[PDB]
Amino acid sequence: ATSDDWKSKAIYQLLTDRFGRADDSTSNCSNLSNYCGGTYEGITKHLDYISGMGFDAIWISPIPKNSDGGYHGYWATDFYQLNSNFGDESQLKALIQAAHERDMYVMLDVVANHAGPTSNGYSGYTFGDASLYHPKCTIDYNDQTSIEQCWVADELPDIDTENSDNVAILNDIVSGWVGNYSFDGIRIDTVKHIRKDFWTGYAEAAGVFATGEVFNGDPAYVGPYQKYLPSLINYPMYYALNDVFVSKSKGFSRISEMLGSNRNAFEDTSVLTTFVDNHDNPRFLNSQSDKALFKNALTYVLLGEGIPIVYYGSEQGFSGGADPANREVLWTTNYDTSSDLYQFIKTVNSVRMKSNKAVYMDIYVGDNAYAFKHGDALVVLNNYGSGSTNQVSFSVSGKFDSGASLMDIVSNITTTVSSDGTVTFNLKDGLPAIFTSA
């Protein structure tokens, strides 16, 4: 599927090892650093749980055979063999067919930069001897040559992407994964760790929409990558959202400033993928346990500028910290669709799905409150947190008619635009508000 096809989607990011199994067990996993037993069949069994929340795309773990302990898929050995932990060809195709029957997209995570660590040599690996990898070195994160030539985590064999045989093989691998399985898009791992010009050829080989992971918070660093890939993961907005909602070290001017910095660094901000947590960073609720702040952040993710990504287990209030504690098994929850955050996400996705897709950011930039439009809906965020009944007030002159009746989808709140265009109302429990006009 194309960039334009993906612009309207909202992605549920899951770890294949951690989402679901064929069995109905709610037992915890005793070691989150090794395989817990999640499978493709486990995702198929629970697709209705995911679509029930209003997601219409999933991003799954990399699929190839991995080195020991590579439950996350990022440590490939033989790129042309499936990881048998997750299932076989038939089970992966049955998942993609089940998703497609539900009009859901499937996005494959892909690695070109590295293989899994060695304990001996490279027997069994697609890149089957030391000469096919860059010499081992540690990354100097001030030196882009070091970032590209040296080994991730000091330990992941860095494929020699300047060997043209290796480039042709990497392009063949991603063309085959996408073509053989009819994936609709890819999420590209470790983009900053290979020279930019590689990515043109690799994404063309894949032949579908790609969102690249450039793990850096600076728009001036990430933005230039959109010359080479059609979308990047919005790490710069992730840091702004965390400043406003998790530490409250900035007011909402930080989100307004970051929208402007992204407009100045990126060709097309509308296709960047928005998120507030993921598998590489502590969950939101680890640092900031206030679920009203989480709900405000999730509202930004789902309705603000960009393509939303929500990390699995957000809807069950998961609160684990540093990797792998943030990679909890979902089945302890028994896929409870009555969970407050599941019903919240379903509510917000119903706005997303069914409103015009025109987003107008920065209707109001306050210190502790903020408003924007998502289609016809007026979205109001705040960082006062749980228990707040603070007043929020701002002008909507020329955006909503004077005297217009606004009704909040989240809480009971009804408010009338004043005779001169001002919206003024009290929060309920610090919750986001999503107003429509009568």
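Counting begins at 1, following the sequence as shown.
Margin query: Averaging CA B factors per stretch from the PDB record, which one is higher: 408 to 416 or 33 to 41?
Written below: Averaged over C-alpha atoms, the B-factors run higher in 408 to 416.
Checklist line | 418 to 426 set against 13 to 21, stretch whose average Cα temperature factor tops the other in the entry | finding: Per the PDB record, 418 to 426.
Next item on the list: Pick out which of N326, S146, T274, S247 has the highest C-alpha B-factor in the PDB entry.
Entry: Highest CA B-factor of the listed options: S247.
Next item on the list: Going by the CA temperature factor in the entry, name the top one among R352, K295, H72, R195.
Entry: Highest C-alpha B-factor among the listed options: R352.
Note to self: Please say which third, lowest, middle or highest, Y364 falls into when its CA temperature factor is compared across its chain.
What the structure shows: Tercile = middle for this residue's CA B-factor.
Check: Going by what the PDB entry lists, where does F372 fall on CA B-factor within its chain: lowest, middle or highest third?
Finding: Ranked within chain, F372 CA B lands in the middle tercile.
Next item on the list: Would you please rank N286 by its C-alpha temperature factor against the other modelled residues of its chain and give the third it falls in: lowest, middle or highest?
Entry: CA B-factor rank for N286: lowest third.
Next item on the list: Among all modelled residues of this chain, ranked by Cα B factor, put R263 in the bottom, middle or top third, i.e. lowest, middle or highest.
Entry: Ranked within chain, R263 CA B lands in the lowest tercile.
Notebook entry, point to check: What third of the chain, by the recorded C-alpha B-factor, contains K227?
Noted result: Ranked within chain, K227 CA B lands in the middle tercile.
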